[PDB]
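# Structural characterization, general
Residues per chain are reported as follows:
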Amino acid sequence: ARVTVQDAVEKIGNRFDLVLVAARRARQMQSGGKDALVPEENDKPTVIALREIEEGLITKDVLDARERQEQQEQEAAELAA
Amino acid sequence: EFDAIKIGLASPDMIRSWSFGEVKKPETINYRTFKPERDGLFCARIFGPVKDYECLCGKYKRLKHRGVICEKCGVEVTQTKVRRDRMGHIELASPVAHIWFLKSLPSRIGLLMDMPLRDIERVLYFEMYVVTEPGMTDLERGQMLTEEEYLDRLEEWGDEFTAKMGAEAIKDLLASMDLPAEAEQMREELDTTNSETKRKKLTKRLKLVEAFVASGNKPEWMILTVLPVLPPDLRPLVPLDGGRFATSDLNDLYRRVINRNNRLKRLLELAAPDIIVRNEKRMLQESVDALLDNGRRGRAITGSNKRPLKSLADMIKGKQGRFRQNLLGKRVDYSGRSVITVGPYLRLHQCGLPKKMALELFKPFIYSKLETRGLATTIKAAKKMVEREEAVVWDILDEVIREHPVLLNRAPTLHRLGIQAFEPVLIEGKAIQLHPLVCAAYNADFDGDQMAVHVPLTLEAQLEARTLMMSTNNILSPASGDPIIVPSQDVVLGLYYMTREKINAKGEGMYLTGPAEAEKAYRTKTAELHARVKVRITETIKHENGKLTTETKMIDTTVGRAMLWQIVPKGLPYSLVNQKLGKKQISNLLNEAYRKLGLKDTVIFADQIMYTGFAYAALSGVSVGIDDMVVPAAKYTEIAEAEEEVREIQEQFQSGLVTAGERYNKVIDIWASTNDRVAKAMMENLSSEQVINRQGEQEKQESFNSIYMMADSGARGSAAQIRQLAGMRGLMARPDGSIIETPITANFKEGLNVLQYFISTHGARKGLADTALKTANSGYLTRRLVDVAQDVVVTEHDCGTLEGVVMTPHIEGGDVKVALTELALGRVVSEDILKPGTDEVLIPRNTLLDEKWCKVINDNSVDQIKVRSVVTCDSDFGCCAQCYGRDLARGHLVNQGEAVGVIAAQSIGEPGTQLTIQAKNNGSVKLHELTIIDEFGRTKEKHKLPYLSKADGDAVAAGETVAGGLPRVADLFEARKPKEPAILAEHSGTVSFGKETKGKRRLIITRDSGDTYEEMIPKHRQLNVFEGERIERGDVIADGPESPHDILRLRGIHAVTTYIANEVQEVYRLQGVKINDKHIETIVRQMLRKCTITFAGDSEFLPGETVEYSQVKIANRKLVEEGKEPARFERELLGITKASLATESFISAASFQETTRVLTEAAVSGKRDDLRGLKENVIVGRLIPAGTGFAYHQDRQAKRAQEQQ
DNA sequence: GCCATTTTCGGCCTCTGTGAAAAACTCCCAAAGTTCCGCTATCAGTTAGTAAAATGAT
DNA sequence: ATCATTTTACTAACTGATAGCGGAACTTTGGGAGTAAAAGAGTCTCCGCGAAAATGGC
Ligand SMILES: [Mg+2]
Ligand SMILES: [Zn+2]
Ligand SMILES: [Zn+2]
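Residues numbered from 1 in each chain as written, not as in the entry; some residues may be left out. Chains lettered and ligands numbered in written order. Part of a larger assembly, values for the part shown. Heavy atoms only, no water.

For the record, the criterion: UniProt positions are given in the numbering used here, feature names are shortened, and annotations may be inferred rather than shown by experiment.
Comment text from UniProt for chain B, heading Catalytic activity, reads "RNA(n) + a ribonucleoside 5'-triphosphate = RNA(n+1) + diphosphate". Regarding chain B, the relevant UniProt record gives this comment under Sequence similarities: "Belongs to the RNA polymerase beta' chain family."

Listed in UniProt under the heading Function, the comment for chain A reads: "Promotes RNA polymerase assembly. Latches the N- and C-terminal regions of the beta' subunit thereby facilitating its interaction with the beta and alpha subunits." Under the UniProt heading Subunit, the note attached to chain A is "The RNAP catalytic core consists of 2 alpha, 1 beta, 1 beta' and 1 omega subunit. When a sigma factor is associated with the core the holoenzyme is formed, which can initiate transcription."

## Here we look at a positive patch on the surface
Keep this limit in mind: Patch membership is restricted to residues that have no salt bridge and whose relative accessible area is over 30%. Joining uses 9 Å for like charges and 5 Å for the nonpolar side chains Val, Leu, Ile, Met, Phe, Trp and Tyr. Areas reported here follow the Shrake-Rupley algorithm with a probe of radius 1.4 Å; residue values treat only the protein chains shown as occluding. Salt bridges are defined by distance alone: a side-chain nitrogen of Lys or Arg within 4 Å of a carboxyl oxygen of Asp or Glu. Working convention for charge: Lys and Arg count positive, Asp and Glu count negative, and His plus the chain ends are omitted. The location of each charge is read from NZ of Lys, CZ of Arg, CG of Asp or CD of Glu. Secondary structure elements are taken from DSSP: a helix is a run of H or I of four residues or more, a strand is a run of E of two residues or more, and numbering for both begins at the N terminus.
Together, B:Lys24, B:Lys25, B:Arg38, B:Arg45 and B:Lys265 give the surface a local cluster of positive charge. Along the polypeptide, B:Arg45 turns up in helix α2 (residues 44–47).

## A look at the protein's contact with DNA strand C
All names here are of chain B. To be explicit about the condition: Proximity is defined per residue: any heavy atom of the residue falling within 4 Å of a molecule or strand makes that residue near it. Two N or O atoms form a polar contact when they lie within 3.5 Å of each other; inside protein one atom must be a possible hydrogen donor and the other a possible acceptor, and for residues adjacent in sequence the pair counts only when both atoms belong to side chains.
What surrounds DNA strand C is a group of 18 residues, the closest being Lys319, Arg324, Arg331, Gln1153 and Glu1154. What you see for DNA strand C is that sugar and phosphate hold 71% of its atoms within 4 Å of the protein. With respect to DNA strand C, the side chain of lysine 319 contributes an N or O atom lying 2.8 Å from a phosphate oxygen. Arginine 331 is positioned with one of its side-chain polar atoms (N or O) 2.8 Å from a phosphate oxygen of DNA strand C. With 4 residues, the single largest contributor to the surface near DNA strand C is helix α29 (residues 754–789).

## As for the UniProt feature "binding site: Mg(2+)" in chain B
Residues and elements named next belong to chain B. Threshold: Throughout, exposure labels follow a simple rule: accessible area from a 1.4 Å probe, protein chains only, divided by the maximum for the residue type, with under 20% read as buried, over 50% as exposed, and the rest as partly exposed.
Here, the residues flagged by UniProt with the feature "binding site: Mg(2+)" are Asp445, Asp447 and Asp449. With respect to the helices and strands, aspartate 445 occurs in the loop between α18 (439–442) and β15 (450–454). Residue classification places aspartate 445 among the partly exposed positions, given a relative accessible area of 40%. Position of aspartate 447 relative to the elements: it lies in the loop between α18 and β15.

## Some points on the sheet that holds strand β38 (residues 1106–1108) of chain B
Residue and element names in this part refer to chain B. Formally: We treat two strands as partners when DSSP finds at least two bridges between them. Here an axis means a line fitted to C-alpha atoms, over the contact stretch when the element is a helix, while the angle between two N-to-C directions is reported on a 0 to 180 degree scale.
Strand order in the open sheet formed by 3 strands is β38-β37-β39, and the pairing between neighbours is antiparallel. Two strands lie at the open edges of the sheet, namely β38 and β39 (1128–1132), each paired on one side alone. Mean inter-strand twist for the sheet, computed between neighbouring axes without regard to direction, equals 45°. In this sheet, β39 lies alongside strand β37 (residues 1090–1095) in antiparallel orientation, the contact comprising 5 bridges. Considered in β39, the bridge of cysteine 1091 is made with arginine 1131.

## As for the coordination of the zinc ion (ligand 3)
Residue and element names in this part refer to chain B. Note the following rule: Each metal site is built from N, O and S donor atoms within 2.8 Å (3.2 Å for Na, K and Ca), and since water is not included, such sites may look incomplete. Only two sets of limits are used to name each site, 85 to 135 degrees for every angle of a tetrahedral four-donor site, and over 155 degrees for opposite donors with all other angles from 65 to 115 for a square planar four-donor or octahedral six-donor site, with any other site named irregular.
Coordination of the zinc ion (ligand 3) by the protein is provided by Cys799 (SG), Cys873 (SG), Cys880 (SG) and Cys883 (SG), with metal-donor distances spanning 2.3 Å. Classification of the site at the zinc ion (ligand 3) rests on its 4 donor atoms, whose angles at the metal span 106 to 111°, yielding the label tetrahedral. In primary sequence terms, the donor set of the zinc ion (ligand 3) follows C-x73-C-x6-C-x2-C. Given the relative accessible area of 9%, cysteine 873 is considered buried. Residue classification places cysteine 880 among the buried residues on the basis of a relative accessible area of 0%.

## Considering the side chain of B:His530
Residues and elements named next belong to chain B. Heads up, the rule is: Should any heavy atoms of two residues lie within 4.5 Å, those residues are considered in contact.
By the secondary structure assignment, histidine 530 is in the loop between α21 (515–523) and β17 (532–542). Side-chain polar atoms of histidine 530 contact the backbone oxygen of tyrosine 497, separated by 2.8 Å. Those residues in contact with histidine 530 that lie beyond four places of it in its chain are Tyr497, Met498, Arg500, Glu501, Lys502, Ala505 and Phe704.

## Details of the nonpolar core
Residues and elements named next belong to chain B. Keep this limit in mind: By nonpolar core is meant a set of buried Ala, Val, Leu, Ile, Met, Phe, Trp, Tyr and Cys residues that side-chain atoms within 4.5 Å join together.
Formed by 94 residues in total, the largest nonpolar core has its most connected members in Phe362, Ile366, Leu370, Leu397, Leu408 and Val559. Looking at this core element by element, the count peaks at 7 residues for helix α20 (residues 490–498). Core analysis: the next-biggest nonpolar cluster, separate from the first, contains 45 residues, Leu781, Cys880, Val894 and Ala905 among them.

## Digging into the sheet that holds strand β16 (residues 511–512) of chain B
Residue and element names in this part refer to chain B. Overall, mixed pairing links the 3 strands, which are arranged β16-β17-β18 in an open sheet. Each having just a single partner strand, β16 and β18 (548–558) make up the two edges of the open sheet. Sheet topology places β17 next to β18; 11 bridges connect them, and they run antiparallel. Bridged to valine 533 within β18 is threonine 557.

## Some thoughts on the coordination of the magnesium ion (ligand 1)
All names here are of chain B. Distances from the magnesium ion (ligand 1) to its protein donors, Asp445 (OD), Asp447 (OD), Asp447 (OD) and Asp449 (OD), fall at 2.3 to 2.8 Å. Along the chain, the residues that donate to the magnesium ion (ligand 1) are spaced as D-x1-D-x1-D. On the basis of relative accessible area, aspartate 447 is assigned to the exposed category, the value being 57%. For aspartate 449, a relative accessible area of 12% puts it in the buried group.

## Comments concerning the pattern of salt bridges
Oppositely charged side chains can pair when the atoms bearing their charge come close. Residue and element names in this part refer to chain B. Tallied over the full model, the rule gives 71 salt bridges over all chains. A salt bridge links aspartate 798 to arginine 868; the shortest N-O distance between them is 2.7 Å. Of this pair, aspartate 798 sits in the loop between β21 (794–796) and β22 (805–807) while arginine 868 sits in the loop between β27 (865–867) and β28 (879–880); the two residues are 70 residues apart in sequence, bridging distant segments of the chain. Owing to a relative accessible area of 27%, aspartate 798 belongs among the partly exposed residues under this scheme. Notably, a salt bridge pairs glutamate 1027 with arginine 1001, separated by 4.0 Å at the nearest N-O pair.

## Focus: the UniProt feature "binding site: Zn(2+) 1" in chain B
All names here are of chain B. With numbering matched to this structure, UniProt assigns "binding site: Zn(2+) 1" to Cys55, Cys57, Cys70 and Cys73. Spanning 19 residues, the named residues form one tight spatial group whose C-alpha atoms are at most 8.2 Å apart. Positionally, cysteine 57 belongs in the loop between α2 and β3 (87–97). Leave out the neighbours within four places in its chain, and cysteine 57 touches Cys70, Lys72 and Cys73.

## Details of the protein's contact with DNA strand D
Residue and element names in this part refer to chain B. Quick reminder of the rule: Classes in brief: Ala, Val, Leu, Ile, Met, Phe, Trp, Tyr, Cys and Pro nonpolar; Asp, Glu, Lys and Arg charged; the others, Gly included, polar.
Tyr31, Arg32, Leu105, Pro106, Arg118, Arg976, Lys1138 and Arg1157 make up every residue found near DNA strand D. Among the atoms of DNA strand D close to the protein, meaning within 4 Å, 100% are from sugar or phosphate groups. Here a phosphate oxygen of DNA strand D and a side-chain polar atom of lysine 1138 are 3.5 Å apart. Broken down by class, the residue content of the surface near DNA strand D amounts to 3 nonpolar, no polar and 5 charged.

Given below as structure tokens:
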């Protein structure tokens, strides 16, 4: 559980960009099979994403980087087929 | 999917392309089978089947025959929803003029054909002819002929000429017009014209003609030949309970049109007499006009309710129209509403929600979790378990709402604080439990108030509620930056009572180790809450640089003050708690906690303060009694003295020494003086008491009276209400406003008689009615401000501009009204703040002025600074972060995508309901006006200089004698012209008298180049100018109220901005309302959005044309880059309504008001809506280009350009 | 440039059916509608029979 | 691993029923033409609103 989204906005800088990044991370953890990088502690995906952003593990850079990584890996795998 | 909305005229071919068939009969449904009739207003062959994947026959009744047209009926086998999209058309026997393009002033048909509206109506109303083809005749196109004259010239010339009647004549004249030829002829005429009225007339006509040529529309399309027919499901005829049918008035209007058209066709088939045919054509035109816009042409057609039928224009326009009732505001699912109670145990982010209410709201989530864990196999089983209310369902609900934010909203939502996000806590009951500290935000009291609740569904919405809309984030007022969660009532009373000081209390003089020992002494009944003790306090200061210094020292205080210090977070001085704590003191404590520690510490501190205040207000036992209202013994003596001298002056009046008016004035004066004296005596008797101290003497102590404590603490009450309770009610006013001579010499403790109560009701009713009407006035003003400022969004970070506005302390006499620190708090510096008399750059450029730099400026004693402003911003669209500054609701620099215009409008409009020469300092004297400047260099006195003891620069010692709100704000924001405006000096030169022309006077002025400029002035004007004096531009000639347009024209943007801001802030500060000036400057910038071109240049702009300033700026930049002559403009000041209605987007203008004019202008011009503002995206259901949608919209624009490459 | 007539505006929630009057018969013909009967397609229920695969015993 | 038997897969036939489609006849409904003393200008009531601005007319 968490309240007072301060640390997250300090790490990000803009509340709207933080909201977008946390939404992407929560969608990855909920709809997709991605696992949390922090102990869940019986928390919803939005709270887990916010905690990850506060810890500095998740930023826009990381998300875009690993998304491009997955596209590259999938392209290489389809080439392998 | 779509990027723009294109409007324009509809061609008959286009209308036929829309239509799926022709409606030939007025039949709607059979009276027995209740089935649609063929070729009717509800035909299934034209508009679609009434049952899904069925035909009227019933032969094709399943999905395998999808898309197959039945041979017996013709009904396509498809879904019924196509009846909401499929359109029809009626082939009119005779053309009919469109009412919007004929009677919406200015008449576009008359403007295009250069004929008056009366003549065109006379042709349309079948009264007199008009010539269409003159031929080889002296007759001219468009000239009007009476029937007799028509017969004469028909016998004269015969078939050489053609003259007609009706809309056919107008369409044969509009189609014969050559738009390029008319444009060239009118261009030539305007080139060789001199009259201003003619210039305006043909410039308007030229604008219309050029718009028609550019748009591609044809003028003859303004006369309808094919009439489109709305889908039946948008004008439904559905059965009610009991066999009754509900129908729309559009059905009646369409039936009338069809009947009259069929009658016209039958009459033309019978070779009817002409008169009957003309009557039928008039009736057809009237029916079409009533269908399009009822009541505009003449008497409104009424049905069987004796009430006018509702037309399409009424359906799309008005407060009850589609734009304002269904597009800008909607009824939503996943919502509820309940009465609100007070939860004193809740945290700031928690709200109490009923279990049943949450069960109904969160039902799909409960289904999802009931299937996920296998408790219910399918959704029907989950629905059954939810309906049966099992315990596992309650556990599932508790797990669902654990971290799911919920939205709480209270009507009216004056500002954005009226909707907030909380974490629900399930409670047993039916009433929503609300945290007390948010009540001031909600303007909510627990006397029957109801609040609505909304459930955000998607992850994005939940994170938006958690991050932006949570109550823990919204603790600063966006209007001023002051805290909004300040305690009130019981909390303030408890903190006041606990922090008071009593003389000779139990436990006085004791030495305590700290707050813990003070609490231990209090719980053991050793010492009272108000006992003076010495307490060892460990106090930590967090300095500006971050130094944390801990000092332990013994401080003289009270037990309650130490027990309250037990909850004060580390990093604050003990001087904040070492005093009696009223509302102001607690507000200061919370503000200091926010400014020095942050948000989490502030939230915890506020919760602890509320808990402690409630607990010790409960333990205080404060009660109101009849003995608490002590009426002073001097009141009766003062009343007797006043009555006696009233008798004396009445005797003086009988002697003729004074008149009736003087007697009235002095009676009112003495009654006011006696009321003041009685109030002072009562306050003195109520504020103090005599006690016995330790030594045995008598000591002076502040009174512990319950009413006095309530008033002094600021919880509830004031001096005036105590005066009414225990002193005098005072003089009251008559209904017209005059004050009655005899006042109410009785208070509420003794009780009023009948007459005094009647006089009191006289004013009470006035107050209630004034509140009722001013609420609507404030609502309308707020709506206008929002519609004029909704497009202001922070789009960039820095626009790289060197311009700015000058800021000095506001002086209205011998004392300052507002300090420079208050105005400069949160603004970005434009040019460096140099130290006075020194070239050191104390504050560099582009630095936010926070509390630290405000203290630095105050210590240095800097008088005048320059800061960036939204009005002076160089951004093409919206404003930049630096030109706006700190966002008051967050405390840091404003972020990208912030909708600052809506915040400004809400901040200005929310307090609308609350709205209705001797020197005194030592220093030198400077003349510009009279200014007195202290030795430190600050200007501390500003006074006017009518046309003196000391000269310029002479030092003056102290005491030397050198010798209604809300309407005002409405007119100020509307740029209203005063009835008797001040005559202003148009040009700089020497004044000279002239010929005193009969009626009104003329004056002349000689410029520096010798040119003589003439001025027209009325006779009754106390002139301030004299001949032989060179008056500067902007100098006042005739005294009076100043028109903002004149200030803008002759002084500039900064002057009008300062004027509007100063007047609005004076109105607000008279009532004690604190509103930041950047909001009023974000409104003023929106006012200054249009420019009239003075020099056309080579740009595609005509002289005398009002165009947007941003487009002219981009065009000038492009022309400068191309090395071509740029344009010259004169900025125009428009009111909020005219600026709102003059926007580039027509969707927002139509949604605001006057939909008919906006739609007509957009249709004739062929305007394009690019969906760049908030309202357009709200209406079309897309993300607004503000906040979390901003980046999204930005991305699309990039792709646009990249594809346009 | 100035009257003089139009035009458009007037806060946010919640409940909350309405309206009620008003004046023709008569004759002739064709088409839709109801009912009845016959033919035909389609299916559920049951049995019998024949040839072959699964399966148990040795 | 091989034989004998029950069950399985596949045809045919009869019973009984039911719904759907088409034709003949009858009643019901719906549209149309006609009516010959003479009768030969409407409503239809209201109008308990104010203030500001945008269009014609001179
Ligand atoms: Mg209330
Ligand atoms: Zn059919
Ligand atoms: Zn800027």
